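Quick setup: one chain, the form deposited in one PDB entry, written in structure tokens, and binding and motion questions come after.
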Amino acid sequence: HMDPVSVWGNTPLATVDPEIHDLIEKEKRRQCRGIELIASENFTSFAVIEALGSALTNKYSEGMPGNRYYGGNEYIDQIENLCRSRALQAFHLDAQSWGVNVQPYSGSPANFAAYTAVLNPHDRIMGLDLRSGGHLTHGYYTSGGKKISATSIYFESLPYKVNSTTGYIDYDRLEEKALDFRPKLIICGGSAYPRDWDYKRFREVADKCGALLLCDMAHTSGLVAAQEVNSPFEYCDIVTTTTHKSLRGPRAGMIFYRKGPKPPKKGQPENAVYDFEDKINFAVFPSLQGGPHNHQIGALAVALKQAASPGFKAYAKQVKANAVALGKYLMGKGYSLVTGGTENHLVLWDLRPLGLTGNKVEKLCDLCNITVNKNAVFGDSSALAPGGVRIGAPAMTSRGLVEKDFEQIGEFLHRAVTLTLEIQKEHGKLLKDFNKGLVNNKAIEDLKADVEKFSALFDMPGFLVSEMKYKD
């Protein structure tokens, strides 16, 4: 005998699965009672979340709006078309000159589909080296030659690097490498590079070597939409992005591509037009993905409408101002930030001058409800014990924090890193020994208490703190 639909199918999570419900409620409290500084995290809206958790998950809709493989897509088509049009609008793109595919499941899927669309297996790519600030999917292999990302397996990667002393992209060495290596695709955009990008120079280099130029704006896409950092669309053939970082949406990816007439170029025929659209669509489906996740597409449509608002531009301005204010506070104490500041939403903090690795700082911070991530910095070699920590402003800025509040975050981070150093000095640099200092540490308890009191002062998007199971 089947359970009635009402029993298995309409009963709330809190009754169906108390264990999972409790864990979500614990996670909700964690998110609003600590200081969340992972640069790739944000707190999305309740409206996005209501779309994400909806009947849209039930629909198979392989293909393109209007050109589907299944029937029943009358409304899914309108949702996807709205998502696509709102994506172009959010980035101030003319639909005659740009198209967008909104089906990628996430950022790594989006990049792999973009590469599959324009590259054959083993074709050459150049992206920013991971330890210089680029992403895994920009062709990451280690200095020891170990291929880590599939983008260094299925494609041939030659990363370009920042200058080892200034931390800024070395555009001269980029050009020299591109002319020697002759990549089919040059990738710009990054995960931990704290400066803006000279897309014009990237276009000059790509033209000199005959490469396509792709910007992966995942981290800063919200700043791009708000016209608060350089726009990659002016110069790049393809722009990929996630939607869950500074864009403040669901977890999804998007691939933007040029359409229409190509700009004049020597040797190029008259009336030549871009030919990315069909290849990009085909790479996403049927080549790589299956059914779109329509609940993510619907949720993304909501986020893109929210991103196009006056309030969102103010948010993006505030994100940048908070990151700068945090950076100045840390540098005043003598902490080493890569490039000595930031022009975006994050700072990259080199802990090697302190004799610390990023895992120790991440671990101690976590016990204080300060959420960061350890992060590779130039020249290090251990991913799980790297030389740095990365700090981002988007998530707490979404809770309404301003510059003075980010200065308090700076002080909390100074306390945490100081305490990390004191524990290492007393208990040892070996992780096994360092860990003994994390037990019954009154200063950790004091800092945790201060962090939670501070965090409780701010509102929180995505759910009602007043109705959460675990209150103060």
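Quick note: we count residues from 1 along the sequence shown, nothing fancier. Take the two forms, find the largest set of C-alpha atoms that superpose within 1.5 Å, and that set is the rigid core.
The same protein also has a form deposited in another entry, omitted here; what follows describes it.
Superposing the rigid core between the shown form and the other one leaves a single residue from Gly63, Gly34, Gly437, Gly410 with a C-alpha shift of at least 2 Å: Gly437. A displacement of less than 2 angstroms separates the C-alpha positions of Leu213 between the shown form and the other one, with the rigid core held in common. Remark: with the core as the superposition reference, the CA shift of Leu447 between the shown form and the other one stays below 2 Å. Put the two forms on the same core and the Cα of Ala51 is off by less than 2 Å between the shown form and the other one.
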